[PDB]
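Residue numbers (the authors' numbering), protein chains in the order written: chain C, 12 to 145, 152 to 454; chain E, 12 to 454; chain R, 271 to 342; chain G, 962 to 1060; chain D, 15 to 150, 156 to 453; chain B, 15 to 149, 156 to 214, 219 to 453.
Input: a single structure, listed below in structure tokens.
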Amino acid sequence: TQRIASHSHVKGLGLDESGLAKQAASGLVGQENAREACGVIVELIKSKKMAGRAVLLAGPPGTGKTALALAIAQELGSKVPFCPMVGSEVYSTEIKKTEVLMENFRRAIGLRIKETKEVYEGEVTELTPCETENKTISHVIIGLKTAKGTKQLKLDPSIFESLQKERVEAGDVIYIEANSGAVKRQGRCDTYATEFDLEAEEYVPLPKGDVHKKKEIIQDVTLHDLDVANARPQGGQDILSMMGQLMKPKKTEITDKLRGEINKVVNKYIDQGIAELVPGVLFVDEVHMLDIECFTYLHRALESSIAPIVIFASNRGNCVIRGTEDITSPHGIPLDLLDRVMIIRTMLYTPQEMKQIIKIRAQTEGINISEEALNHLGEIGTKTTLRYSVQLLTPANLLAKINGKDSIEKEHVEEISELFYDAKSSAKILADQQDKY
Amino acid sequence: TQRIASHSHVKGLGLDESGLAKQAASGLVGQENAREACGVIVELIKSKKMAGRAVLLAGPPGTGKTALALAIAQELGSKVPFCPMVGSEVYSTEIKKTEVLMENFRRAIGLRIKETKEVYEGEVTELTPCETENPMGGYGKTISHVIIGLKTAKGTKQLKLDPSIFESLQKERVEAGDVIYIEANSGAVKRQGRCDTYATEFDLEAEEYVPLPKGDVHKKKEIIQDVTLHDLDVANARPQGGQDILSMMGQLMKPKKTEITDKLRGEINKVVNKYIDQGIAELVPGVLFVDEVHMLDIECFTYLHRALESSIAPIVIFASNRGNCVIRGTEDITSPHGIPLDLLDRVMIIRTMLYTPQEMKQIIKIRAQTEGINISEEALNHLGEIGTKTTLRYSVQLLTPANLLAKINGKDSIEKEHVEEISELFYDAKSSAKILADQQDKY
Amino acid sequence: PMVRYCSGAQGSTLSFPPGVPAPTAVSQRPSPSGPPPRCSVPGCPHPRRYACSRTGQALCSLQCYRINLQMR
Amino acid sequence: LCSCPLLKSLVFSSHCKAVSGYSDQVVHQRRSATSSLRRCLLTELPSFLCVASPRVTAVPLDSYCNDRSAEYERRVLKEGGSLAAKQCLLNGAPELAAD
Amino acid sequence: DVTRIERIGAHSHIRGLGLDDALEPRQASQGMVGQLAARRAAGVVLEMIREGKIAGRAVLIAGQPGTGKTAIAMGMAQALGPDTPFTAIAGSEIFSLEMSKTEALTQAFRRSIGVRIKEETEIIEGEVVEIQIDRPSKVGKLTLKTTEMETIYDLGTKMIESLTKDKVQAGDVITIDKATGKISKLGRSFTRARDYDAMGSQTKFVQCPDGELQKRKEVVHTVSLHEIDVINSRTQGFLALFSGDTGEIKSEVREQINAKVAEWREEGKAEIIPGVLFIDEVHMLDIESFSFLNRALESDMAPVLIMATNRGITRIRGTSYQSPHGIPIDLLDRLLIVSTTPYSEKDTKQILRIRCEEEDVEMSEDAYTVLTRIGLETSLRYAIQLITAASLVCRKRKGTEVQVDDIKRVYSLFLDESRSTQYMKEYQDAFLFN
Amino acid sequence: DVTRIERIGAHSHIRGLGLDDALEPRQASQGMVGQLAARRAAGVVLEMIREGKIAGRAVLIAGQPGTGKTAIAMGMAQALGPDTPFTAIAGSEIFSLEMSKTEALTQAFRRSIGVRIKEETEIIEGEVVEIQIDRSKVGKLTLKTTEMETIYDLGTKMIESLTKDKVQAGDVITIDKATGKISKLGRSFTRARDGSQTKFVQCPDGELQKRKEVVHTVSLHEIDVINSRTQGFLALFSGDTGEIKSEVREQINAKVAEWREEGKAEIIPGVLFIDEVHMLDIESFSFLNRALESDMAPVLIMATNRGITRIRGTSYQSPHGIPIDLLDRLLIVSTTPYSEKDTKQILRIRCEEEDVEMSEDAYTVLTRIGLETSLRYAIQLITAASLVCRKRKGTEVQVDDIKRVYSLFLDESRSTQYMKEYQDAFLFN
Ligand SMILES: Nc1ncnc2c1ncn2[C@@H]1O[C@H](COP(=O)(O)OP(=O)(O)O)[C@@H](O)[C@H]1O
Ligand SMILES: Nc1ncnc2c1ncn2[C@@H]1O[C@H](COP(=O)(O)OP(=O)(O)O)[C@@H](O)[C@H]1O
Ligand SMILES: Nc1ncnc2c1ncn2[C@@H]1O[C@H](COP(=O)(O)OP(=O)(O)O)[C@@H](O)[C@H]1O
Ligand SMILES: Nc1ncnc2c1ncn2[C@@H]1O[C@H](COP(=O)(O)OP(=O)(O)O)[C@@H](O)[C@H]1O
Ligand SMILES: [Zn+2]
């Protein structure tokens, strides 16, 4: 089955129709003000009429900021593209640090495109090139045989170059498209498999239906994928496109002229109405790790009119800005960007609310825990941390499977908590032996 | 002849039969403890029982630990490989430090594979399409085999080959008298060139003339080729065959050191294990040497832990001329000898001490006899006083200009006036350092 | 009209139809010329380096070329 | 490496096809229908791989000029380039194209 | 006398964790001794990995230098089994000038997870009788012989191109795949190759096969997610795997590979198995890789990982503030800490006794007193090296039993780090950069 | 109803820059309110660039954070007018591993300047009634327009171009008499009867064959890339081009100077714009001086929000985050903060731009929020307030809903106050 994930049990924000936050819903408890605050945010993203908005999440580590981000990601649905990003990902040797942040917007915004394609496919009965004086091939003559009928068509020397590229021979089934110009080969027909007792080529049955068929194909592509396709000529029918296809795909920066041309052609597609554009959501975790230069570019980036909504996550308080060497700023974010972003306050969980999280996670892991072990795990959790009691669930279940008990017991929790060490106790032990370290 | 090298006078450790180190052996005097310790180290290398062993050599500058480490390879011989590497080569722009150390670990170990070869070579006297008689109604003509003649100075031989090779002989240019290479095992046929005998008929010809091979027509000889695991890793890293367009263009591109994944290392270990199980290939371990180890980065120091804990790690020797110093990469961290305590605990430290003035005089005499220079008694005493005053190295450097100037003056031997004039003209490092203090304001 | 290569366990055989031409022709090296070419002025003679059209005779060097041109 | 068949087998890596050393030895079970695991250095398995493909593909840009000669250079550049270079890339050499 | 590529090593003698079915630690088993707490915890993580129902978990090991923190990881590595993937990486290895550290981390996480795929193929194996080819498309026949049955098959165009490309002639035992199309020549027959042409090529000989000619075989393989991502990212990049030139792979391709692998798991043709990622001396890793590791571990495909920390209360590289174990509180609190108790005097004698059976060196009873005292005053690693060199000098004296005088000889030859520091203090003024 | 690529931003609420013939700014014009002196100076700069008789002059904009000088800069860019070169870059964008900082800044100075060249070419366009081809190959076609009807004969190359792209009966196309590329614009309504049916275009009017003058503006960096690389379109669009030699650039400068001496073409100075210049390296800071001292240089404007701050790369504290060498090279225009009376006007015009209906109590309380806190925070409050009003189903925003949004989102100062209480629990305080 599916591997259990830490955030897998979170199905969303768990909000009612009035916008208020229920006590326990969608696998989330507490943070009523945060969830109720996000209830307007999901209505903004679903409204789509506003852009260039950034919402910062401020809270202690382990308070579910990332759970709120992924909860919004699950609340908006699968149609709304959601792009996670970490502050350490923007550093790359191939491209500049700014190009990553600029490409994350095109990768955030999604686009739905409907493409009408005309298809010519079937068995090839005869293929011959024409000969014209300059010994050059001006035209190609290829007949097509199908169960419905036979029709002879003429092809261009480029399509013939793709056929000879695919090693197409008489008696094989091929796939030909017009607008794209690419040529595919399905394989040899099954009727000829009897002449050879042993053959390397696999056989496919003869397809059915008319040779020429026009069909609509709805595909979802991202403006970053379009931006890379227009950036480098990886695909194509050109021999240089084949050589570049053999070359290594290193990352390169995209010019603002190409970006503006993309805005032009996509704007024309919107004016035609064939393409449907949907806004994306860009998530940034560990924003305090981002450089002051990345924030400097984020000034113009967030002020951009086409920028999708960006959510930030800050788990730290006042800290020195990266690269400044002197000035320290609240939440690791300088006052310039911090003035623009919208801050959401997150509060620590209460001792009563922690036990419910321990119970929900214990049920998610598939473990049966008695009320005594639940109260003990809650007690030690409030003594140290929630993450510790969350991590103590599985090993105690393992000891239960070893001893044969159907449920966890106070001796199992006591033995597991005896084996594992808390960060506070370990940090206290490091003081006595610190001289030996 | 061979240019004289500073360490060229060290031919080995010069160990005795009982394991004790003779006082003067192989041009090495003193350092009995170090010579005996290295005497056990070479026994570990020959024994090959352990791997990943790291030895450390510490001491003042000029104590001869480099002469002992280089003497290890001379005592072991040319059978086992020896790879000296300075710590300065670890830092590189294209290739990362960990890949440098790994490629050195693959450079130390090496293999030897014995192979037999059968080759037919010589001038072509005749080529005949031998036709057996088997007329058939389905197909008219039949050709059983093709006869290829070969002529050499030792003897002539004719060969009966299948007609399938005549398709290649007709595919590429073959003329009467062409010296060609034909291997029986591979079966391929190559054209070496035209014979030198026919070069007299034309004043100008485009074809080059290779001489006829001297020897028997059929040459079967067994040769043992030695290939290191690093060479195997490079050949497995990039394709040698240029038949592909990507191999031709990539061959046109500038070669750069590439990071090799561990999967290829594992495959090499597996196939090497197979050939060792077959017994055809002989595996010998290498000896890795490292000088100026205090110059390594802390990341390299921590990487050497996981590198040494592996069973494929060859024996590594270290040389450190520095005392307690700050560890490179960290400002406030100080560790003895310039190495962290973690690796310093794993390495085996060997202490070295400075020579006495008598040993200085003896080493000076050894270098004099090596360079072929004669020294008078009193001048040797004064030179020993100079070396004791400053260093042994400077007193060694003072030998050449006194020899050249002595030959210029006409005296075949060095004199106290010669070493006095040389010592007057040239300045020792400490004296120059003291002179720099007075004029330092003008500098 | 198709050439037939038949390789059996007892031996190999390459058979051709009467329609296709014979690909094979017996080729043997001719007898080499015994005497080497020699220089024009016969106190010199060496293998000829070049031929001279005006004198119609082969010479190795311009030295002997002067004697040949003077004699002609 | 070509003169020795063993040294040639010592290097399995080739840019043309995939290689894997998964199966070191062969274990055969003899019956009316026999099953024997593969061995040595030869493994490919191209079928399952490569299913992933890019979503969109673009055609390289072209220049449009107001004279005829630039249309000549454009048709030559786009169609064949150089003849010996085109055949030299397809077959790898012109003499490999005639060959 | 034959020496493999593997040689004796510090952690190489461990054959496993030495655990019972109850997972309770045994005092001495599978080459490991002592430290019942960390042995039991290692049993918990081994049983957890063998369960494989939970993903995205991190286990940390801390303790004093010389407590066997690496010996435990090698114990679970050897006790995990060959069929389960295991990966051991170092913090300095993921640092590279070609690719980014975070990309190397993704290669580690996707590298640890193994994928097992089974393949059933019908191949033809037999001895060739005759080979015939007709060239005008070339059409020829192939006659094969086996002891059970003799067969005759027809060859196609691609088949003749493959055989002629492989230089196959009559009298060779070959293996042909119908579906794949590959041909591999195993060798030649003794009797069929006894009479050969005057060329006289001697290479190899293989006996004639028996049974059915065409048989069905099952060959199972394992492919890494990083391997598939490199192959499909480089567009026929099979050489880039061993070359290592690939880097900075796009994330969209990785996402599509994850979705396609999930679809394969839904189909059941391919299976996914968990794997272990071992990291030693993680305290030197940059804090950026920690911030990326905390959020990157939340993925469903993120395997469980195990880290080791030698020291504690030390500032992180790139930051001026100290933190416990050189790790931020987010990660340190994000994973569980397992402390290793330092070894005692009673266990040291047994650890030194393991080398007697491992290295096959007979040790006298009087050598364990002085050797054990050296193990108490100095490092157990120096004690093991003292055992090895002590056995070397013992062989030099040609004795079967170890003598104390030989151990005194090795102790006179090699000095401890503290002693080298003591002499380095006397000669330190002459040393450089004191 | 369809969502365009552009959406309402901070600078998008204003269009153009309101000015007068006497250069006296109105209180509210072109969406902008206040800053009479700033709009007057920016208007003087705009008239200078519109004059374009000089080159190599710099002017700096200074003001407190939140004064909207970036908004007046983008509004000045909108009021600049079409068909004029303009470039907008940031101080942090010039840093790249692919290209050097000097080559990137110089590349920006190249993209800013541009050249206008006018040509004339003969192009045929119209509806094609019939096409006949006989296979050399000889064929004739009919080109019909509303005014006149014509028949044409084709050569070998024209027959090849016709057989390349098949054209049916009565299709409106454009045939170029120079290159030979035939492009089909559309299909006639009556002729397209009796297919894909992609588009329909009416029959063209006017003369069939006309000589059109093409006005085409090219960029110096564009020409430089085209000349340097084999294919400058693949170089520029691919982004692989970098570190272009200065000798080729100098030769191109000399050739453009020769073009201006010939008078066949003209050069149009561009407007460079730099954002967040408070943090920048002294290499670029020093290079701007010589780049402006060059013969042909575009007119640039730079924005610096911060005050006196230490520059990057040195320990010296420069005034306005810029060294005195660059400060003395340009003129500075300072902007004053917005008045309380103008705050509610900005809020009202943002209600008109964002289509939000609020009350006078809403404008009053939000004006208090503008007094105690920056206006940007209020502009961020109203946007989330409209949605809460939609959830309340009311047709007008209420102060209670504004209190709900104000309870949902907190100011940076408030988050700092709570972060002072929880700061000890936070990491690395
Ligand atoms: N309100 C909540 N209800 C249920 N589970 C929660 C809640 N908040 C956090 N969690 C769980 O706690 C775990 C750790 O949270 P974490 O991501 O560390 O929070 P933060 O991102 O604020 O540091 C998450 O896997 C999440 O599922
Ligand atoms: N015991 C010795 N006998 C003869 N020559 C020596 C001896 N020790 C050192 N030398 C000479 O001194 C030179 C420099 O030695 P060096 O490498 O500086 O030693 P170390 O590495 O211990 O500082 C060498 O070329 C060597 O020939
Ligand atoms: N449980 C154990 N059983 C046997 N030997 C051990 C054990 N733990 C440690 N050792 C030995 O101690 C030596 C040094 O261990 P070391 O790698 O320093 O431990 P750590 O990694 O915890 O510092 C190793 O050579 C190993 O053989
Ligand atoms: N003339 C104006 N009229 C109305 N609103 C303005 C005006 N100038 C600026 N603004 C407001 O200021 C905001 C942007 O301010 P910004 O340019 O970031 O200030 P600063 O340049 O000081 O950082 C916009 O949301 C806009 O609504
Ligand atoms: Zn002559």
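For every residue, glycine included, the Cβ atom is placed at its ideal position computed from N, Cα and C.
Provide the residue(s) that pair with residue i in DSSP beta bridges, ordered along the chain.
i: residue 146 of chain B; result: B/160
i: residue 181 of chain D; result: Its beta-bridge partners do not exist; DSSP assigns none.
i: residue 160 of chain C; result: C/137, C/169
i: residue 191 of chain D; result: D/207
i: residue 131 of chain E; result: E/193, E/229
Is residue i buried or exposed, if buried means 16 or more other CB atoms sit within 10 Å of its CB?
i: residue 25 of chain D; result: buried
i: residue 302 of chain D; result: buried
i: residue 251 of chain D; result: buried
i: residue 147 of chain C; result: Note on chain C: numbering goes from 145 to 152 directly, and residue 147 of chain C within that interval has no coordinates.
i: residue 170 of chain C; result: exposed
Does the region 94-102 of chain D come close enough to the region 41-48 of chain C to have 3 or more Cβ pairs within less than 8 Å? no
If we count Cβ pairs, one from each stretch, closer than 8 Å, do we get three or more for the region 418-429 of chain E versus the region 375-394 of chain E? yes
Just list the beta strand (DSSP E) runs in the region 182-228 of chain E, keeping only unbroken ones of 3 residues or longer that don't cross its boundaries, in chain order. 189-194, 200-206
Note down, one range per segment and in chain order, each beta strand (DSSP E) of at least 3 residues found wholly within the region 282-321 of chain B. 290-292, 295-299
Residues in the region 239-250 of chain E having any Cβ partner in chain D nearer than 8 Å: 247, 248, 249, 250
The region 337-361 of chain D: positions lying closer than 9 Å to chain B by Cβ: 338, 340, 342, 347, 348, 349
For the region 339-359 of chain B against the region 309-320 of chain B, do three or more pairs of beta-carbon atoms, one drawn from each stretch, fall closer than 8 Å, so that the two count as touching? yes
Residues within the region 284-297 of chain C neighbouring chain B, beta-carbon criterion of under 9 Å: 284, 287, 288, 290, 293, 294, 295, 296
For a minimum of 4 consecutive residues, which ranges assigned as the alpha helix (DSSP H) are wholly contained in the region 384-416 of chain E? 388-400, 403-408
Pull out every residue of the region 249-270 of chain C whose Cβ sits closer than 9 Å to any Cβ of chain E, in chain order. 260, 263, 264
Contact set between the region 415-432 of chain B and chain G, restricted to residues whose Cβ is under 7 Å from the partner: none
Quick check: the region 100-112 of chain B against the region 101-118 of chain C, are there 3 or more CB pairs under 8 Å? yes
For the region 55-125 of chain B, which segments carrying the alpha helix (DSSP H) assignment without a break, of at least 4 residues, lie completely within its bounds, in sequence order? 83-94
Any residues in the region 352-378 of chain E with a beta carbon nearer than 9 Å to a beta carbon of chain D? Which ones, in chain order? 352, 353, 355, 356, 357, 358, 359, 360, 361, 362, 364, 365
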